[PDB]
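Residue strings, one per chain:
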Amino acid sequence: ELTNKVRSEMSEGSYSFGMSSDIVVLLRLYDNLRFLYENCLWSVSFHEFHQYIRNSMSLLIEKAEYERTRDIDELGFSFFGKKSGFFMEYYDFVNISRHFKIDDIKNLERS
Amino acid sequence: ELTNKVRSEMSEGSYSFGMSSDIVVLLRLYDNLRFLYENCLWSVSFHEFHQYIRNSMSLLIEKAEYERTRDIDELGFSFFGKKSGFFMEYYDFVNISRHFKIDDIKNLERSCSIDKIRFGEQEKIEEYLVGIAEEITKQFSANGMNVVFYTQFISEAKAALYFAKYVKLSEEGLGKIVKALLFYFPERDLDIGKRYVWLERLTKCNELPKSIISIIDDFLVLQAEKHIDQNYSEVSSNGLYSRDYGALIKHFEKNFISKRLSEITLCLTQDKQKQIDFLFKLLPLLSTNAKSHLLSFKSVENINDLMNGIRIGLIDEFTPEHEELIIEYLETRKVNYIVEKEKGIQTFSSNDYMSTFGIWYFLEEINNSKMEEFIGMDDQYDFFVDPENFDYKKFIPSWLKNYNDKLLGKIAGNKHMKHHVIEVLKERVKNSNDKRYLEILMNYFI
Amino acid sequence: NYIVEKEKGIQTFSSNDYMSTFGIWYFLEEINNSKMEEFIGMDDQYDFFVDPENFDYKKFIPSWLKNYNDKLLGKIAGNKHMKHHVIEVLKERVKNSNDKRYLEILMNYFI
């Protein structure tokens, strides 16, 4: 539900405010990872969880790339000046290393 | 499993032997629909089923697009030669029309090019569309509206008529569809501006011979009759107003010459003040003798209002008396400008009529050496009159957003603006994500 | 050998198919023997670099544009035959694909 809208917004130039789509996706993904790893369930090794992590992280990175060169309008500069692209900290790097294959990372470099 | 395992696998490029995942998804969806409808369960009207069908039918088209767009190969020719075009049958069309909102179809059209996939079983699609038109006619021709049915039917009708341009339609069948789209659709759920968008949408792949021309003429006549009142008007959200309708007519024949509208406009006299404005919208029609007789009536001569008359298209030529009046306007502007430069003040007209003069005279609509004498007041004016000595550092790129197609072609045809504007647009593309600038650069300048 | 192979109907895509690289240094005018004209029709790239006048551009695959250097790209843009056709090919691909490389080649050199 959240990717398509965001992608459409990426074409429309419409701005996001408050708890945008990317924040909700990141929070839900971190909640799932922390739950599964803390309670020590082996389902972390299944393939569908890897795919879910892949798609969430790819959507976040694609949003960050658009935020890098988004045209800052008057309202945009007033509210979100001094562009801060999506930081990719320790946990994001660990997730990317764990749940990706080489072709998937190669696609992002193009996209 | 279709988003990386068969989508990133597509970057991987492995060929699935036996049965591929897309066929599994399509056949599972078909089985679910058959079980849910054949056994007559109502759970088919809820939100979850619609969302699932939207996702399942949206991923496949992106799959197909990425396969089309990857590259040239050699291994696939031996196994898959003479590509079996991914055919949307009757059932795919029905599913999309029933379960997709308008914005979802827009999203699909943006992401994956839907115009480059074939459509099969034309006759059944035509029957479905004719049935939808008949049902709309029955619904909105009676005094009793079933609201709970309407809220479910209008989405399907809009989605089908939007998704109707890929399929070739018979002219006799197209007559009913266009009549239902034009006359009986409620104005509440489709404003009069969007109706033109849909009609121009239906006219891309197919043409509309004399019969549909007469249908559009009848609609224009009815709308003209509706404008007798001094309060009834036209409201739109997507810009283009009733004028555009005539445009398509003039795009089709270029010598249409209305008949009923001619008799409607022949008896005008005076004291209308609203209908006359609408009749002057369709100037290039309405028969030569009647054209002269009624356009001679209530003309405009004062230069200040003549400016607003020209900008709306009422006046296009610049007669020697008209040229003298525009020269008077520009000389008053120049006197005020000289006094202002003496004072150091700079005043700009609300409507940039000096810029309008610049554009029209760039199209060579004004002939005078005084225009060369008028060099030095407006940056756009100096840009259009004497680009050879123009200071291109003062140029503002945003002006290019206000230009039209023919003006863009001629501005590309100029011998001076070429390289400087190329450099400016290169900087714009480098430092901005405005897709309009990229489109302008690619279509005309590149 | 290739006269025999076309009779055999075998196209050997050698990893050491330097005959493309012979065409590469010939395109830089490092080879001045006319016998190259006798070897026209053997590989698409060699025909493209040796006799571009009669070469059919429908066989051109855009992926090749990824493997040339700045000197080679500049020289390709230099001659009279290739500019318009390569420009059209780049226009199609930049609209039809998400790769940034084609945009860089189109923007920097051919424009």
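Residues numbered from 1 in each chain as written, not as in the entry; some residues may be left out. Chains lettered and ligands numbered in written order. Part of a larger assembly, values for the part shown. Heavy atoms only, no water.

Structure determination for this PDB entry was carried out by cryo-EM, with a resolution of 3.74 Å recorded in the header.

Any chance you could explain the interface of chain B and chain A here in plain terms?
As a measure of interface size, the accessible area lost when the parts come together is often cited. Counting residues at the interface gives 16 residues for chain B and 17 residues for chain A. The junction of chain B with chain A conceals about 1,400 Å² of combined surface from both sides, 31% of it contributed by carbon and sulfur atoms. Run the count over chain B and chain A and you get zero salt bridges. Applying the counting criterion to the chain B and chain A interface returns 11 residue pairs in polar contact. Those elements that place two or more of their residues in the side of chain B that touches chain A are α1 (8-12), α3 (47-69) and α6 (102-111) of chain B. In the side of chain B that touches chain A, the residues fall into one nonpolar, nine polar and six charged. (Contact = heavy atoms within 4.5 Å. Buried area = accessible area lost by both parts, 1.4 Å probe. Salt bridge = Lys/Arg side-chain N within 4 Å of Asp/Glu carboxyl O. Polar contact = N/O pair within 3.5 Å; in protein donor to acceptor, adjacent residues only side chain to side chain. Helix = DSSP H or I, 4+ residues; strand = E, 2+ residues; numbered from the N terminus. Nonpolar A, V, L, I, M, F, W, Y, C, P; charged D, E, K, R; others polar.)

Looking at this structure, I do not really get the packing of helix α22 (residues 417-431) of chain B against helix α23 (residues 435-445) of chain B. What am I missing?
Each pair of packed helices can be summarised by the angle the axes make with each other and by the distance between the axes. Residues and elements named next belong to chain B. At a minimum axis distance of 9 Å, the contact between α22 and α23 shows a crossing angle of 145°. You can see that α22 and α23 cross each other, and the crossing is left-handed. Between α22 and α23, the residues in contact are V421, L425, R428 and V429 and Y437, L438, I440, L441 and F445, respectively. Considering only residue class, the contact of α22 with α23 consists of eight nonpolar, no polar and one charged. (Axes fitted to C-alpha atoms, helices over the stretch in contact; angles between N-to-C directions. Left-handed = near helix turned anticlockwise from the far one by under 90°.)

Would you take a moment to explain the environment of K393(B) for this structure?
All names here are of chain B. Mapped onto the fold, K393 is located in the loop between α20 (379-385) and α21 (405-413). When its relative accessible area of 80% is taken as the criterion, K393 is described as exposed. For the pair formed by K393 and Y162, sequence separation is 231 residues and the distance between their alpha carbons is 46 Å. (Buried < 20%, exposed > 50% of the residue type's maximum accessible area, 1.4 Å probe, protein only.)

Sorry if this is basic, but what is going on with empty space enclosed by the protein here?
If you roll a probe as big as a water molecule over the atoms, it shows you where there is empty space left. Residues and elements named next belong to chain B. Across all of its chains, the model carries six cavities of 30 Å³ or more by this definition. For the largest cavity, the calculated volume is near 90 Å³. In terms of lining residues, the largest cavity is bounded by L330, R333, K334, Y337, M354, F374, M377, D378 and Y381. For the lining of the largest cavity, the per-class residue count stands at six nonpolar, no polar and three charged. (1 Å grid on protein atoms, 1.4 Å probe; cavity = no way out; pocket = protein on both sides within 12 Å on 5 of 7 lines; lining within 4 Å. Points joined across faces, edges and corners; volume = space filled by probe spheres on them.)

Quick question: what am I supposed to make of a nonpolar patch on the surface here?
Residues and elements named next belong to chain B. Taken together, the side chains of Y15, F17, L75, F79 and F80 define a hydrophobic patch exposed on the protein surface, amounting to about 620 Å² of accessible area. Within the secondary structure, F17 sits in the loop between α1 and α2 (21-38). A relative accessible area of 70% places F17 in the exposed class. (Patch = residues over 30% accessible without salt bridge, like charges linked within 9 Å, V, L, I, M, F, W, Y side chains within 5 Å. Areas by Shrake-Rupley, 256 points an atom, 1.4 Å probe, with all protein chains shown as cover.)

Which parts of the structure should I look at to understand the side chain of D47(C)?
Here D47(C) lies in helix α3 (residues 44-50). Those residues within four positions of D47(C) in sequence are excluded, and the remaining contacts are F39(C), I40(C), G41(C), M42(C), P52(C) and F55(C).

Just checking my understanding: could you explain α22(B) for this structure?
Side chains three or four residues apart in an α-helix point the same way, a direct result of the helix having 3.6 residues per turn. Residues and elements named next belong to chain B. Over its 15 residues, α22 runs 21 Å from end to end, which matches the ideal 21 Å to within 8%, given 1.5 Å per residue. Listed in full, the buried residues belonging to α22 are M417, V421, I422 and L425. The buried residues of α22 occupy one face: seen down the axis, they fall within an arc of 120°. Relative to its buried face, α22 has exposed residues pointing more than 90 degrees away, namely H419, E423, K430 and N431. As for α22, its buried residues are in contact with α18 (353-362), α20, α21 and α23. (Expected span 1.5 Å × (residues − 1). Arc of directions from axis to C-beta.)

Is there a simple way to explain a negative patch on the surface in this structure?
Residues and elements named next belong to chain B. Taken together, the side chains of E328, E331, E372 and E373 make up a negatively charged region of the molecular surface. Of all the secondary structure elements, the ones that give two or more residues to the negative patch are α17 (320-343) and α19 (369-373). Considering the arrangement of structural elements, one finds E331 in helix α17. The exposure class assigned to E331 is partly exposed, which follows from its relative accessible area of 40%. (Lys, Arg positive; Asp, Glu negative; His and termini not counted. Charge placed at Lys NZ, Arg CZ, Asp CG, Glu CD.)

What's the story with the pattern of salt bridges in this structure? I'm lost.
Between side chains of opposite charge, a pair can form when the charged atoms approach closely. All names here are of chain B. According to the stated counting rule, one finds 20 salt bridges over all chains in the structure shown. Of the charged contacts in the structure, one is a salt bridge between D218 and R260, with a shortest N-O distance of 2.8 Å. Residue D218 is found in helix α11 (residues 210-226), and its partner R260 is found in helix α13 (residues 260-266); the two are separated by 42 residues along the sequence.

Explanation requested: unusual backbone geometry in the structure shown.
Trans peptide bonds make up the majority, and among non-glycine residues the majority have a negative phi. Residue and element names in this part refer to chain B. Backbone geometry places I257, a non-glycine residue, at a positive phi of 60°. Note that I257 resides in the loop between α12 (243-252) and α13. In this structure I257 comes out as partly exposed when scored by relative accessible area, which is 45%. Positioned with a positive phi, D271 is a non-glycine residue whose angle comes to about 50°.

Is there a simple way to explain the packing of aromatic side chains in this structure?
The geometry of an aromatic ring pair is captured by the separation of the ring centres together with the interplanar angle, meaning the angle of the planes. Residue and element names in this part refer to chain B. Under the counting rule described, the total for this entry stands at 44 aromatic pairs over all chains. Taking 5.5 Å as the distance between ring centres and 75° as the angle between the ring planes, the aromatic pair formed by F183 and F219 counts as edge-to-face. Residue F183 is located in helix α9 (residues 171-184), and its partner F219 is located in helix α11; the two are separated by 36 residues in the primary sequence. According to the relative accessible area criterion, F183 is partly exposed, its value standing at 30%. Residue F219 is classed as buried on the basis of its relative accessible area, which comes to 6%. Ring geometry for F383 and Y392: centres 6.0 Å apart, planes at 90°, overall edge-to-face. For the pair shown, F383 and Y392 are each scored as buried. Clustering of aromatic rings is evident, with ring pairs tying together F362, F383, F384, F390, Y392, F395, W399 and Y403. (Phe/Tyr/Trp six-rings, centres within 6.5 Å; stacked < 30°, edge-to-face > 60°.)

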